[PDB]
Amino acid sequence: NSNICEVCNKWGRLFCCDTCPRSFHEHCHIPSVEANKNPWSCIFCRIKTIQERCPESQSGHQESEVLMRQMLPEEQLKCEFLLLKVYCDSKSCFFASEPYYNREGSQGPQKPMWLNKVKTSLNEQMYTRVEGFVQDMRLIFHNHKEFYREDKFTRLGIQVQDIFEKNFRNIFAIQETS
Ligand SMILES: [Zn+2]
Ligand SMILES: [Zn+2]
Ligand SMILES: [Zn+2]
């Protein structure tokens with residue numbers, strides 16, 4: 001197994017996947033690494049299994065259909081994985097914890113949002129459809145772009161949104177377009 005966490009790239013107290021060489025901090029994995037379960041298979045492995053059991057699941061889909069899906073166990077897992085892919089980028093630090101807003105010439109967003117809030121909401125089964133999760137994720141970046149205006153720091157929101165959107169298209173097999 002790897003000797004660093006797949007998510008944060010640090011060493012520490014790591015749990016190792018039994019079916020692939022990845023390792024994780026307990027609360028870096030989503031969902032948090034399960035108490036018992038030997039063998040244990042990471043989220044990467046669980047997602048690969050879904051694909052392998054239903055090869056047709058990789059054919060192109062329309063976003064509007066994906067968003068209306070109910071949060072059954074496989075869609076729950078796919079959103080957990082997508083969230084984890086965002087945490088994998090180090091620039092996610094900016095969006096992880098609860099933000100505050102006090103900048104001359106700007107007003108804070110009406111509905112603040114952040115990664116750890118989305119993580120809690122998934123853990124608590126608060127989303128009934130994929131749309132709920134995707135709307136909160138996109139709200140993170142939209143709030144940031146609006147608040148930072150022409151400051152060059154707005155670019156961090158564009159960057160992490162791009163990671164989100166590329167992973168969304170990959171995990172939910174969105175039909176490729178020009
Ligand atoms: Zn970690
Ligand atoms: Zn694995
Ligand atoms: Zn099948």
Side-chain angles (χ1 to χ4, degrees), residues 1-36 38-99 113-125 129-130 133 136-137 140-141 144 156-157 159-176:
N1 290 77
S2 188
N3 310 329
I4 56 171
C5 183
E6 184 79 358
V7 185
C8 71
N9 302 105
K10 297 294 194 281
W11 179 74
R13 181 57 194 113
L14 299 175
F15 301 85
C16 286
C17 184
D18 287 311
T19 52
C20 81
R22 302 174 173 90
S23 313
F24 306 83
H25 298 105
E26 174 168 16
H27 299 308
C28 281
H29 197 270
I30 307 179
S32 295
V33 169
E34 296 75 7
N36 211 290
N38 324 55
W40 178 75
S41 269
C42 79
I43 191 155
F44 294 80
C45 284
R46 298 167 67 187
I47 288 285
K48 186 205 301 302
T49 294
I50 303 319
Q51 288 170 18
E52 287 177 352
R53 290 175 159 158
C54 290
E56 72 272 26
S57 75
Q58 303 163 274
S59 297
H61 301 80
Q62 298 296 109
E63 182 173 311
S64 62
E65 177 271 319
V66 166
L67 298 180
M68 294 305 311
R69 297 180 191 163
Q70 297 182 14
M71 293 279 260
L72 294 185
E74 289 188 355
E75 304 316 297
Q76 179 76 32
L77 198 73
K78 284 176 163 208
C79 296
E80 289 166 349
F81 187 51
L82 173 53
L83 184 53
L84 174 137
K85 286 289 187 151
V86 173
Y87 282 106
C88 288
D89 198 281
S90 63
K91 291 163 179 282
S92 71
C93 68
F94 295 112
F95 299 105
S97 67
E98 189 174 358
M113 193 49 60
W114 60 99
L115 302 169
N116 291 348
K117 187 172 172 62
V118 178
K119 182 180 276 200
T120 294
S121 298
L122 275 174
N123 178 241
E124 290 180 8
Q125 304 162 296
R129 290 169 196 273
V130 173
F133 166 82
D136 277 355
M137 293 290 287
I140 300 168
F141 314 116
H144 175 94
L156 268 294
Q159 293 176 324
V160 182
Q161 182 152 19
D162 196 41
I163 301 297
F164 174 73
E165 297 296 340
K166 282 182 190 273
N167 281 279
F168 175 67
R169 291 187 306 267
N170 178 266
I171 292 165
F172 288 94
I174 298 293
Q175 175 61 51
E176 291 276 288

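We count residues from 1, following the sequence as given. As the structure lists them, so they are numbered: ligands from 1, and atoms in each ligand from 1. Quick note: numbers below take in every heavy atom, side chains included, and nothing from hydrogens, waters or symmetry partners.
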Roughly, to 10 degrees, what angle do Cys42 atom SG and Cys45 atom SG form around the Zn ion (ligand 2)? 120°

Between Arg69 and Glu65, does any side-chain N to carboxylate O distance fall below 4.0 Å? yes

For the residue pair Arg13 and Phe15, would you count it as a cation-pi contact if the rule is NZ or CZ under 6.0 angstrom from the ring centre and within 45 degrees of the ring axis? yes

Report the relative orientation of the aromatic rings in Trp40 and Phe24; use parallel for angles under 30°, tilted for 30 to 60°, perpendicular for over 60°. perpendicular

For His25 and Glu6, indicate whether the former's side chain and the latter's backbone hold a donor-acceptor pair under 3.5 Å. no

Side-chain heavy-atom pair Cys79, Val130 within 4.5 angstrom cut-off: yes

Steps toward side chain to side chain contact (heavy atoms under 4.5 Å, CB included) verdict (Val66, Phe168): CA-CA 10 Å; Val66 166; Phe168 175 67; 4.1 Å; yes

Restricting to distances shorter than 2.8 Å, give the number of protein N, O or S atoms close to the Zn ion (ligand 1). 4

